[PDB]
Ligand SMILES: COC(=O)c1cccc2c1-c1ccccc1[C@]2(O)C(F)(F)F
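Shown below, as structure tokens, is a lone chain in the form solved without this ligand; questions about how it binds or moves come after it.
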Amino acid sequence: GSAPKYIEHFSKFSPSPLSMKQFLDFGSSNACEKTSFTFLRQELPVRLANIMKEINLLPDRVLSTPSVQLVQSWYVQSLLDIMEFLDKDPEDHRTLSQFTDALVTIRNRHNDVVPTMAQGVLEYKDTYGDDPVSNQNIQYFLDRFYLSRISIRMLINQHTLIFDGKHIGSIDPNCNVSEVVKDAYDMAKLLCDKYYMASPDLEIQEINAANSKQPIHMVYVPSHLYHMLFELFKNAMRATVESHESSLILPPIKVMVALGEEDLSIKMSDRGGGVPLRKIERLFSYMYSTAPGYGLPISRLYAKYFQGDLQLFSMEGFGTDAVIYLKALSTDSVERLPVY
């Protein structure tokens, strides 16, 4: 076929990272659908081909696995589905309506990639071992693969949500961080109450440095923020409950939302007994987090996707702090795409 020819071609192009502003401009009006089509029919093959080229550069012991080949088959099909529109005409509303339908299919085709790539890590550990060099190479590849996957789904979500026929697709220009915190907590609480018959309470404190007592808002993707906060709450609650099983006091989970000139930082503090430093440094490893999971490493990728970060600092015997670092300004919020 021509799949190898198409990967090599678009592999020569570099992905074009977009800013929050550019995302808001693309979603400003439904009339923009044409510019989004002409941009995505070139950008999506470029991002797909770039990661598809790195997949083919993996060692043959990884490249010949059924998991990598299954995912590579999805990417080849997705690439070909998008390349059909390269010659079509943007002015034909059927060309655009078909593109939107083709993106939704591509998105659903890749819905089960995270657990599939997680099966590959487990297969590797049992077929070749869990050495540190394998950890760094798996970590390096998966971080870049998943980050690419986040970027592609972001592009697809922005087009399919806005051009469907206050919120700009998946972006909330006035995202109230404390409200997303509460939502993520309420969901973790429900699960914690169902499993442990007890849940820690929530305390939130905001620190708007420049405008005290003004609610902290930002331009961000609330779904991404929810995912990070939901994973952290699940860990903080699990630790808080299991560490106080022999006690009556169930210490609360405290969340500080701080807004500075550059950073919007969200710290989650628990008293769930803490974790030795030796293990904290392994909670972000795909291989060590795999067992016969990836919430934290992927959560950190969501934070990094827009020039943020996610860091953990524990105190064995007391508790653990988790901090989501985000860019406070939409001008500094730019896609972090893997460097190919």
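For every residue, the number given is its place in the sequence shown, counted from 1. The term rigid core refers to the maximal set of C-alpha atoms that superpose within 1.5 Å between the two forms.
Although not depicted, the form deposited with this ligand bound is the subject of the following passage.
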Does this ligand come within 4.5 Å of any heavy atom of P45 in the deposited bound form?
no
Using 4.5 Å between non-hydrogen atoms, is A49 touching this ligand in the deposited bound form?
no
is_contact(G308, this ligand) in the deposited bound form, heavy atom dist at most 4.5 Å
no
Though only this chain appears here, would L70 touch this ligand in the deposited bound form if you measure heavy atom gaps against 4.5 Å?
no
Can you check 178 to 186, 205 to 213, 156 to 164, 90 to 98 and let me know which stretch has heavy atoms within 4.5 Å of this ligand in the deposited bound form?
156 to 164
Are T331, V334 and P338 jointly within 4.5 Å of this ligand in the deposited bound form, each by at least one heavy atom?
no
Any residue of 26 to 53 that, in the deposited bound form, places a heavy atom within 4.5 Å of this ligand
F26, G27, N30, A31, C32, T35, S36, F39, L40
Would you tell me if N30 moves between the shown form and the other one by 2 Å or more at its C-alpha, with the rigid core held superposed?
yes
Closer or farther: the C-alpha atoms of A31 and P15 in the deposited bound form, versus the form shown, with a change of 3 angstroms or more?
closer
Inter-Cα distance between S19 and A31 in the deposited bound form, nearer or further [3 Å or more]
closer
